[PDB]
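Asks: sequence below, structure please.
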Amino acid sequence: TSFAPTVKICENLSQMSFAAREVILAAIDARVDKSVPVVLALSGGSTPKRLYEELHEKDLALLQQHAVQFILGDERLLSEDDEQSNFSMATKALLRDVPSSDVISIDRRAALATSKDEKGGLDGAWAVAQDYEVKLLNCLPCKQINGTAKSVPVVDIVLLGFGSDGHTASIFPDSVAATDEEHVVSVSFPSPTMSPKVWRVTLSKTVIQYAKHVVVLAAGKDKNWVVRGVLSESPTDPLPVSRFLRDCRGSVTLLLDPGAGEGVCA
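Replies: Residues are numbered from 1 along each chain as shown. Next up is the structure itself:
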């Protein structure tokens, strides 16, 4: 009830992708030291594919001038050529024309041999998450987590989606990421209804909750219970794992289609 998200029910995906682009563009414009990039964490799926197409068409010049530093918010532990990886999706849509120096990459090889084994991929998943954590703590601006000897990267904008299972990023119900307040990058295996059935690495709840701006893009009736569960002032059931966004310290914007947004607005 000190949590005041911006909520915009969008008529079509184009309105959704445009609203998202304006947050990005405004953060880039608002910088005082233009020598430092806006850190942007990317999401996967058809939802953001379009936003990324729109930035490629409209804003490459800024991107080629290093205005932004790109990270993957979550990833499938699949080869990076594999079409089911978020890096592939994002590379086709936009990153193919962004300086490689502006994108932080995730090395998945420790995982590829075991990442589709639900039980056995755990160790390899941690191995990739640990590597990626080190890269983010080296390359991004960081702050100390109060009460610890540990630090967290401050992401300017985190882009997210909702799953019909209540998840965001790869923080799934009943996974380690769902209760991990230790790490910067955690791991998970998808929930029963979610695909692809491969191990994941994800930014933790902590990282998301210290981001300056969190923008969720969600469409579909099947997400409306997630939207409601997140937005209700007091806990309501079914309660979705992404209610943790309530404790974000930055701004939160939910960009919803009329199905996902049903009942929310007057």
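Asks: residues contacting whichever strand or helix holds residue 59, please?
Replies: Residue 59 is part of helix 46-64 when elements are defined by DSSP states H and E. Residues outside helix 46-64 that contact it (C-beta atoms under 8 Å, 6 or more residues apart in numbering): 13-14, 16-18, 20-21, 24-25, 28, 42, 68, 89-90, 93-94, 97-99, 102, 159, 161, 217-219. Every C-beta, even on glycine, is put in place using the N, C-alpha and C of the backbone.
Asks: for the stretch 101-250 of the chain, what spans make up the strands?
Replies: Ranges of strands within the stretch 101-250 of the chain are 142-144, 151-153, 157-160, 185-188, 200-203, 213-218, based on DSSP state E, counting those that start in this stretch.
Asks: just those: most buried one?
Replies: By mean neighbour count, with neighbours taken as mean count of other C-beta atoms under 10 Å, strand 200-203 ranks first of those at a mean of 30.
Asks: what is that one packed up against?
Replies: In terms of contacts (3 or more C-beta pairs under 8 Å, 6 or more residues apart in numbering; DSSP states H and E), strand 200-203 is packed against strand 74-76, helix 122-139, strand 185-188.
Asks: format the strands of the stretch 101-250 of the chain as JSON lines; extra columns: distance to residue 125.
Replies: Converted to JSON lines, the strands of the stretch 101-250 of the chain look like this (distance: least, C-beta to C-beta, whole Å):
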{"stretch": "strand 142-144", "distance to residue 125": "23"}
{"stretch": "strand 151-153", "distance to residue 125": "20"}
{"stretch": "strand 157-160", "distance to residue 125": "20"}
{"stretch": "strand 185-188", "distance to residue 125": "4"}
{"stretch": "strand 200-203", "distance to residue 125": "6"}
{"stretch": "strand 213-218", "distance to residue 125": "24"}
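Asks: which one, of those strands, ends up nearest to residue 167?
Replies: Closest to residue 167 of these, according to C-beta to C-beta: strand 185-188, at 8.5 Å.
Asks: ok, back up a step: past the helix holding residue 59, which element shows up next along the chain?
Replies: Counting by DSSP H and E, what follows helix 46-64 is strand 68-72.
Asks: elements contacting that following strand?
Replies: Using 3+ C-beta pairs under 8 Å, 6+ apart as the contact criterion, the elements in contact with strand 68-72 are strand 38-42, helix 86-93.
Asks: how does it look with 6 Å?
Replies: The contact analysis (3 or more C-beta pairs under 6 Å, 6 or more residues apart in numbering; DSSP states H and E) places strand 68-72 against strand 38-42.
Asks: number of residues surrounding residue 46?
Replies: By the measure other C-beta atoms under 10 Å, the count of residues near residue 46 is 10.
Asks: same question for the one 3 residues further on.
Replies: By the other C-beta under 10 Å criterion, the neighbourhood of residue 49 contains 18 residues.
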